[PDB]
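Structure data follow from run.cif (mmCIF, C-alpha atoms):
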data_work
loop_
_atom_site.group_PDB
_atom_site.id
_atom_site.type_symbol
_atom_site.label_atom_id
_atom_site.label_comp_id
_atom_site.auth_asym_id
_atom_site.auth_seq_id
_atom_site.Cartn_x
_atom_site.Cartn_y
_atom_site.Cartn_z
ATOM 1 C CA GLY A 1 -93.527 -173.337 -94.724
ATOM 2 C CA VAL A 2 -95.691 -174.531 -97.611
ATOM 3 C CA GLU A 3 -93.881 -176.428 -100.369
ATOM 4 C CA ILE A 4 -96.019 -176.486 -103.511
ATOM 5 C CA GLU A 5 -95.333 -178.913 -106.364
ATOM 6 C CA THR A 6 -98.126 -178.135 -108.816
ATOM 7 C CA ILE A 7 -98.934 -180.649 -111.493
ATOM 8 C CA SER A 8 -99.265 -178.094 -114.304
ATOM 9 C CA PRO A 9 -102.761 -178.236 -115.944
ATOM 10 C CA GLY A 10 -105.262 -175.646 -114.801
ATOM 11 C CA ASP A 11 -105.668 -171.957 -115.574
ATOM 12 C CA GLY A 12 -103.033 -170.307 -113.403
ATOM 13 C CA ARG A 13 -105.105 -167.227 -112.553
ATOM 14 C CA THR A 14 -108.324 -168.026 -110.621
ATOM 15 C CA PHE A 15 -106.900 -167.557 -107.219
ATOM 16 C CA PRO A 16 -108.954 -167.962 -104.049
ATOM 17 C CA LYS A 17 -109.729 -164.608 -102.470
ATOM 18 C CA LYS A 18 -111.168 -163.642 -99.102
ATOM 19 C CA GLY A 19 -114.578 -165.087 -98.336
ATOM 20 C CA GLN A 20 -114.566 -167.198 -101.507
ATOM 21 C CA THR A 21 -116.147 -170.582 -100.865
ATOM 22 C CA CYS A 22 -113.729 -172.811 -102.743
ATOM 23 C CA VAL A 23 -113.782 -176.509 -103.565
ATOM 24 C CA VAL A 24 -110.849 -178.909 -103.097
ATOM 25 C CA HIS A 25 -110.719 -182.646 -103.783
ATOM 26 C CA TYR A 26 -108.182 -183.156 -101.048
ATOM 27 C CA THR A 27 -106.477 -186.448 -100.260
ATOM 28 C CA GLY A 28 -104.438 -186.607 -97.076
ATOM 29 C CA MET A 29 -101.284 -188.622 -96.453
ATOM 30 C CA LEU A 30 -98.663 -189.030 -93.738
ATOM 31 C CA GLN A 31 -94.942 -188.802 -94.481
ATOM 32 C CA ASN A 32 -93.826 -192.463 -94.336
ATOM 33 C CA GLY A 33 -97.454 -193.219 -93.531
ATOM 34 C CA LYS A 34 -100.817 -193.802 -95.135
ATOM 35 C CA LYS A 35 -103.878 -191.639 -95.758
ATOM 36 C CA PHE A 36 -105.806 -190.100 -92.893
ATOM 37 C CA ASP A 37 -108.497 -187.901 -94.458
ATOM 38 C CA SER A 38 -109.990 -187.827 -97.933
ATOM 39 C CA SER A 39 -112.706 -185.827 -99.617
ATOM 40 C CA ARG A 40 -112.242 -188.270 -102.497
ATOM 41 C CA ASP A 41 -113.319 -191.137 -100.250
ATOM 42 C CA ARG A 42 -116.304 -189.184 -98.964
ATOM 43 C CA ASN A 43 -116.989 -187.870 -102.512
ATOM 44 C CA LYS A 44 -117.954 -184.630 -100.749
ATOM 45 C CA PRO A 45 -115.341 -182.247 -102.105
ATOM 46 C CA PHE A 46 -115.032 -179.974 -99.051
ATOM 47 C CA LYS A 47 -116.625 -176.655 -99.938
ATOM 48 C CA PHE A 48 -114.660 -174.305 -97.682
ATOM 49 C CA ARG A 49 -114.200 -170.541 -97.624
ATOM 50 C CA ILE A 50 -111.014 -168.495 -97.292
ATOM 51 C CA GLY A 51 -110.472 -166.081 -94.416
ATOM 52 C CA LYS A 52 -112.004 -167.834 -91.391
ATOM 53 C CA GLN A 53 -109.097 -170.155 -90.374
ATOM 54 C CA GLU A 54 -111.399 -173.155 -90.703
ATOM 55 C CA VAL A 55 -108.637 -175.171 -92.362
ATOM 56 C CA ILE A 56 -105.115 -175.436 -90.940
ATOM 57 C CA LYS A 57 -102.405 -173.020 -92.061
ATOM 58 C CA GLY A 58 -100.650 -175.732 -94.043
ATOM 59 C CA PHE A 59 -103.859 -176.280 -96.015
ATOM 60 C CA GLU A 60 -104.934 -172.615 -96.099
ATOM 61 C CA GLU A 61 -101.690 -171.179 -97.474
ATOM 62 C CA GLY A 62 -101.564 -173.915 -100.102
ATOM 63 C CA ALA A 63 -104.994 -172.941 -101.431
ATOM 64 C CA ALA A 64 -104.276 -169.283 -102.246
ATOM 65 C CA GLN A 65 -101.003 -170.251 -103.963
ATOM 66 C CA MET A 66 -102.958 -172.409 -106.428
ATOM 67 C CA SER A 67 -105.464 -171.585 -109.142
ATOM 68 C CA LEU A 68 -108.406 -173.328 -110.790
ATOM 69 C CA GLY A 69 -107.656 -176.728 -112.258
ATOM 70 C CA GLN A 70 -104.134 -176.872 -110.787
ATOM 71 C CA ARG A 71 -103.022 -179.952 -108.861
ATOM 72 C CA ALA A 72 -100.476 -179.081 -106.191
ATOM 73 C CA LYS A 73 -98.961 -181.213 -103.449
ATOM 74 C CA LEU A 74 -98.789 -179.938 -99.887
ATOM 75 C CA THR A 75 -95.987 -180.777 -97.479
ATOM 76 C CA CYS A 76 -97.396 -179.281 -94.301
ATOM 77 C CA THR A 77 -95.059 -178.459 -91.443
ATOM 78 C CA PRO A 78 -95.953 -179.884 -88.006
ATOM 79 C CA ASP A 79 -95.962 -176.576 -86.111
ATOM 80 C CA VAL A 80 -98.828 -175.100 -88.157
ATOM 81 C CA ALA A 81 -101.384 -177.849 -87.444
ATOM 82 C CA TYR A 82 -100.637 -180.512 -84.803
ATOM 83 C CA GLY A 83 -96.892 -180.575 -84.071
ATOM 84 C CA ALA A 84 -97.024 -180.416 -80.294
ATOM 85 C CA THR A 85 -100.684 -181.272 -79.763
ATOM 86 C CA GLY A 86 -101.411 -184.087 -82.174
ATOM 87 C CA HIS A 87 -104.894 -185.276 -82.894
ATOM 88 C CA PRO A 88 -106.074 -188.235 -80.782
ATOM 89 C CA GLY A 89 -106.219 -191.216 -83.137
ATOM 90 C CA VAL A 90 -105.608 -189.418 -86.457
ATOM 91 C CA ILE A 91 -102.609 -187.084 -86.375
ATOM 92 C CA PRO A 92 -99.660 -187.729 -84.050
ATOM 93 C CA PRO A 93 -97.625 -184.867 -82.600
ATOM 94 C CA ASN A 94 -94.796 -183.561 -84.823
ATOM 95 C CA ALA A 95 -96.079 -184.904 -88.142
ATOM 96 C CA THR A 96 -95.089 -183.494 -91.520
ATOM 97 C CA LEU A 97 -98.369 -183.819 -93.389
ATOM 98 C CA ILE A 98 -98.862 -184.646 -97.071
ATOM 99 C CA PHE A 99 -101.872 -183.627 -99.172
ATOM 100 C CA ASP A 100 -103.070 -184.211 -102.727
ATOM 101 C CA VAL A 101 -104.726 -180.850 -103.359
ATOM 102 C CA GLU A 102 -106.454 -180.050 -106.640
ATOM 103 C CA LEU A 103 -108.186 -176.666 -106.725
ATOM 104 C CA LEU A 104 -111.392 -177.192 -108.711
ATOM 105 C CA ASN A 105 -113.216 -174.446 -106.914
ATOM 106 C CA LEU A 106 -116.227 -172.152 -106.952
ATOM 107 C CA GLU A 107 -116.702 -168.383 -106.459
#

Would you kindly transcribe this structure into structure tokens?
Amino acid sequence: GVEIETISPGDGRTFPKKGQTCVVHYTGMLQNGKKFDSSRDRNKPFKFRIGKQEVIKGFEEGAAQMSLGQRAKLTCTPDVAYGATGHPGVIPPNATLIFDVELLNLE
């Protein structure tokens, strides 16, 4: 389950493909909670590739459903990233994660 609410401006066609190192200014958020992880804070806009399962499935499936310039809004289900496990100190178990994802990518 990936619920995408794209803020419209972009190009609508430059989709991430397999092995494409793509760039996302992500900004994390917890449902009824604050931020937990931000490439905007680091100003290091997370050059990641598609097809290696580096990112979680809630963040990976949201990337291919966007295009260049688009600004979507992830609502990541718990069971795809940390629902039973939970990260120690960052992500609790059974958290519905929120992301400000804008696909301003490369390749």

*So which residues touch residue 8 of chain A within 7 Å, counting only C-alpha atoms, skipping near sequence neighbours fewer than 2 positions away, as a ChimeraX atom specification?*
/A:6,10,70-71

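Among the candidates A:25, A:78, A:60, A:31, the one nearest to residue 44 of chain A when counting only C-alpha atoms is A:25.
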
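Selection result for the displayed file, with the PyMOL selection byres ((chain A and resi 72) around 7) as criterion, is residues 4, 5, 6, 7, 70, 71, 73, 74, 100, 101 and 102 of chain A.
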
*Excluding residue 76 of chain A and any residue of its chain fewer than 4 positions from it, enumerate the residues within 10 Å of it, using only C-alpha atoms, and give them as a list in words.*
residues 1, 2, 3, 4, 30, 31, 56, 57, 58, 59, 61, 62, 80, 81, 95, 96, 97, 98 and 99 of chain A

*asked:* Evaluate the PyMOL selection byres ((chain A and resi 68) around 9) against this structure - the residues, as JSON, numbers by chain, please.
replied: {"A": [10, 11, 12, 13, 14, 15, 16, 66, 67, 69, 70, 71, 102, 103, 104, 105, 106]}

For the selection you just gave me, I'd like the residues written to a file as a PDB file, in the frame of the given file, keeping C-alpha atoms.
ATOM      1  CA  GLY A  10    -105.262-175.646-114.801  1.00  0.00           C
ATOM      2  CA  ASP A  11    -105.668-171.957-115.574  1.00  0.00           C
ATOM      3  CA  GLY A  12    -103.033-170.307-113.403  1.00  0.00           C
ATOM      4  CA  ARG A  13    -105.105-167.227-112.553  1.00  0.00           C
ATOM      5  CA  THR A  14    -108.324-168.026-110.621  1.00  0.00           C
ATOM      6  CA  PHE A  15    -106.900-167.557-107.219  1.00  0.00           C
ATOM      7  CA  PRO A  16    -108.954-167.962-104.049  1.00  0.00           C
ATOM      8  CA  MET A  66    -102.958-172.409-106.428  1.00  0.00           C
ATOM      9  CA  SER A  67    -105.464-171.585-109.142  1.00  0.00           C
ATOM     10  CA  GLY A  69    -107.656-176.728-112.258  1.00  0.00           C
ATOM     11  CA  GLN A  70    -104.134-176.872-110.787  1.00  0.00           C
ATOM     12  CA  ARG A  71    -103.022-179.952-108.861  1.00  0.00           C
ATOM     13  CA  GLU A 102    -106.454-180.050-106.640  1.00  0.00           C
ATOM     14  CA  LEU A 103    -108.186-176.666-106.725  1.00  0.00           C
ATOM     15  CA  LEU A 104    -111.392-177.192-108.711  1.00  0.00           C
ATOM     16  CA  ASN A 105    -113.216-174.446-106.914  1.00  0.00           C
ATOM     17  CA  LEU A 106    -116.227-172.152-106.952  1.00  0.00           C
TER      18      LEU A 106
END

*atom CA of residue 48 of chain A to atom CA of residue 85 of chain A: how many Å, to one decimal?*
23.8 Å

*Pick the closest to residue 49 of chain A from A:33, A:88, A:17, A:65: which is it, counting only C-alpha atoms?*
A:17

*Please evaluate the PyMOL selection byres ((chain A and resi 46) around 10) against the structure above and give the resulting residues as a PyMOL selection string.*
chain A and resi 21-26+38-40+42-45+47-49+105

*Hey, can you pull every residue with an atom no more than 12 Å from (-103.0, -193.3, -84.2), using only C-alpha atoms, and send it as a PyMOL selection string?*
chain A and resi 30+33-36+86-93+95

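Atom CA of residue 27 of chain A sits 17.4 Å away from atom CA of residue 64 of chain A.
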
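Nearest residue to residue 63 of chain A among A:75, A:9, A:94, A:50 is A:50, counting all atoms listed in the file.
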